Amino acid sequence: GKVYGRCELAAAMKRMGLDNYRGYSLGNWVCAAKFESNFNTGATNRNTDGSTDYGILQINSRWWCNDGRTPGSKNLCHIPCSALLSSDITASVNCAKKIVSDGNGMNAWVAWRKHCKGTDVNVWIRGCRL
């Protein structure tokens, strides 16, 4: 589990095809990861309902991944939640693509909605030479 750099993560996400995935430019995804986890792939947050949020994009164990300890995990991304704490963002990015395609866009992420939606997201990739 590592803390990525901003341009480091922008480059990895660009490579994985997130740029304009579902109409969302890259700065959206980099802003969302900054505010969801401060770029830390190992972050976990436990919730009052017994679900936990895993990794760089704080993906929740009730809906998206299965950790074994969560009431009625749908496991919609078909992954163990531990896969989402790896230094390699691949599992997180592929599950994030199912989440943004679920019908509510990037609004599935509370941090994106509060801290990124409606701000200038272009700044999050400035300087990166992508």
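One-based numbering along the sequence shown.
- When the two stretches 74-82 and 42-50 are set side by side, the higher mean Cα temperature factor goes to 42-50.
- Looking at 65-73 and 93-101 together, the entry lists the larger mean B-factor for 65-73, computed on C-alpha atoms.
- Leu18: CA B factor in the highest third of modelled residues in this chain (values from the PDB entry).
- In this PDB entry, the Cα temperature factor of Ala11 sits in the top third of its chain's modelled residues, the highest group.
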